[PDB]
Amino acid sequence: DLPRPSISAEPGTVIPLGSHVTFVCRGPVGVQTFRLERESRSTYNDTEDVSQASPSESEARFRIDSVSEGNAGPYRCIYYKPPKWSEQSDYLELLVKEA
């Protein structure tokens, strides 16, 4: 019923060691919480700092300032739009490029 959210990586999914990456989670209007799921160590980041790009969309961002090899692995977005949590987004595979 709730649309599956989308995940994007900026500047991309292949990232030099020490560089930043920003994950953008997008979903329907009215999302209360976006959660970035970091599969490799089973951790996550939550944010209520949600805003809209348009009337039918909302989004949130998660930045890793300095990527390390430990940041490689699958990432997904999931959102809370009461009453329920959404399905998980398709995964994005973060890969580290030593150079």
Side-chain angles (χ1 to χ4, degrees):
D1 217 350
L2 289 173
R4 160 181 278 115
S6 71
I7 184 164
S8 298
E10 306 184 346
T13 68
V14 183
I15 299 297
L17 196 67
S19 271
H20 80 276
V21 58
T22 301
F23 297 101
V24 186
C25 297
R26 301 176 170 95
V29 49
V31 170
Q32 297 287 348
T33 294
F34 279 102
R35 162 171 314 180
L36 175 75
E37 295 177 328
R38 317 192 182 198
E39 184 185 322
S40 78
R41 280 309 174 283
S42 302
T43 59
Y44 66 92
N45 304 94
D46 272 4
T47 188
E48 286 63 51
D49 185 24
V50 175
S51 61
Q52 306 188 222
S54 62
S56 57
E57 183 261 27
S58 63
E59 59 181 60
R61 293 178 164 76
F62 303 86
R63 173 184 183 106
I64 296 171
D65 285 332
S66 177
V67 166
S68 67
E69 303 286 344
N71 291 130
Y75 290 81
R76 295 168 181 80
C77 293
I78 192 181
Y79 67 84
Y80 184 54
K81 177 174 194 183
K84 54 180 185 293
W85 288 87
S86 74
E87 281 170 347
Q88 291 172 300
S89 72
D90 286 35
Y91 72 77
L92 201 148
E93 186 86 11
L94 191 64
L95 299 171
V96 179
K97 180 184 173 181
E98 194 274 333

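One is the number of the first residue; the rest follow in order along the sequence. Only heavy atoms go into these numbers, but all of them, side chains included; no hydrogens, no water, no symmetry mates.
Around CG of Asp65, the count of heavy atoms belonging to other residues, nucleotides or ligands within 6.0 Å exceeds 12.
Minimum interatomic distance between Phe34 and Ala60 (heavy atoms only, all atoms of both residues): CD1-CB, 3.4 Å. Scanning both residues, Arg35 and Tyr44, for their nearest heavy atoms gives NE-CD1, 3.4 Å.
Atoms CG and CZ, from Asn71 and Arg41 in turn, are 11.0 Å apart once rounded to the nearest 0.5 Å. Atom OH of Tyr91 and atom OG1 of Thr13 lie 11.0 Å apart (nearest 0.5 Å). With values rounded to the nearest 0.5 angstrom, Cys77 atom SG is found 10.5 Å from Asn45 atom CG. Expressed to the nearest 0.5 Å, how far CZ of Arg61 lies from OG1 of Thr47 amounts to 11.5 Å. Between the OH atom in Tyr75 and the CD atom in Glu37 there is a gap of 12.5 Å [rounded to 0.5 Å]. Atom CD of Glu87 sits about 12.5 Å away from atom CZ of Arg76, to the nearest 0.5 Å.
Hydrophobic clustering keeps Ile78 apart from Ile64 (ILVMFWY residues linked when any side-chain heavy atoms are closer than 4.5 Å, directly or through intermediates). Hydrophobic cluster membership is shared by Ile15 and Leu92, with clusters built from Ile, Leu, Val, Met, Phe, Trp and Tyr side chains linked at under 4.5 angstrom.
With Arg4 contributing its side chain and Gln88 its backbone, the two residues share a donor-acceptor pair below 3.5 Å. Distance alone, capped at 3.5 Å, is enough to place a donor-acceptor pair between the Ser86 side chain and the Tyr79 backbone.
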Expected list for residues 19-33: side-chain donor-acceptor pairs under 3.5 angstrom, two or more places apart:
{"unit_1": "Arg26", "atom_1": "NH1", "unit_2": "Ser8", "atom_2": "OG", "d": "3.1"}
{"unit_1": "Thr33", "atom_1": "OG1", "unit_2": "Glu48", "atom_2": "OE2", "d": "2.6"}

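Every residue meeting the side-chain contact (heavy atoms from CB on, under 4.5 Å) condition with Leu17, not counting sequence neighbours, appears here in chain and number order: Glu69, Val96. For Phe62, there are no ring pair (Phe, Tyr, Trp, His ring centres under 6.0 Å) partners at least two apart in sequence or on another chain.
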